[PDB]
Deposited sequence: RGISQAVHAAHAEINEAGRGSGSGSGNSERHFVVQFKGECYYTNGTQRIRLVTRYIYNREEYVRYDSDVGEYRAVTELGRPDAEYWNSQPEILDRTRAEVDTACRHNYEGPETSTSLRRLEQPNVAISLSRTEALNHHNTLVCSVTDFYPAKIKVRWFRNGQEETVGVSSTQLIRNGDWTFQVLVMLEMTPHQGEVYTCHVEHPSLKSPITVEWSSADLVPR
């Protein structure tokens, strides 16, 4: 469980770019594992191997030869087939479980006021939940205990690139009183929901 396996790129029979993509799709953990390898010439995928299909298939004319060849080379076709177990099943249950899957990053809740306005009609409160991993997170805006859903707007997920995401949730308010605005956040890395408060 400490060795990360790759997906072997086959050899064809004897500004230019090529790409080889080893891709493994895990449905409900390792319950359903799917292997897809793609050979690209510039931006055109020409041949592909899919677990679901079991063999190499040409995606375009440029791939017709590699498919007919590799499928006939027992060593190749049979090495690729088992690659779903050798590399995926292995990499998932092994490496990934002791690393990516165990990573938990507690987000950082902060309510700020739109850089300079709460003007031109209806004040906008912004909650900034940043630096969390993994992506499953639940962020809700509350008003004095009551959950606020109207006037609320959330951005899509922002992938920072360093194994951390962030998300901003806006709330346009027409306020009043000793009101409290609680930004409820719920992340798997947290024991109990972190919350930030703000008042009129």
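Of the deposited sequence, positions 15 to 30, 217 to 222 lack any modelled C-alpha atom.
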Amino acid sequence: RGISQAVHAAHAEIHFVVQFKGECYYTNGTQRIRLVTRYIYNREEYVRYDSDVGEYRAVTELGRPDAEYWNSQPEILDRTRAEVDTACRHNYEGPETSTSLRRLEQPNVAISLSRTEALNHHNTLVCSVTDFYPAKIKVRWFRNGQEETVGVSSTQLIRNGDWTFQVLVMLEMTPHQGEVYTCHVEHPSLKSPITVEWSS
From here on, numbers count along this sequence of modelled residues.
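In this entry, 143 to 151 has the higher mean Cα B-factor, the comparison being between 143 to 151 and 61 to 69.
Comparing 37 to 45 with 153 to 161, the higher mean C-alpha B-factor in the PDB entry belongs to 153 to 161. Comparing the listed residues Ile137, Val53, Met173, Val167, the entry records the largest Cα B-factor for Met173. Considering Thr80, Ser128, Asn120, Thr86 together, the PDB entry gives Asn120 the largest C-alpha B factor. Remark: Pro95 belongs to the middle third of its chain, ranked by C-alpha B-factor as recorded. When the CA B factors of the chain's modelled residues are split into thirds, the value for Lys191 lands in the highest one. In this PDB entry, the Cα temperature factor of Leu104 sits in the middle third of its chain's modelled residues. Ranked by C-alpha B-factor against the other modelled residues of its chain, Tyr25 falls in the lowest third. When the modelled residues of the chain are ordered by their C-alpha B factor, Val180 lands in the highest third.
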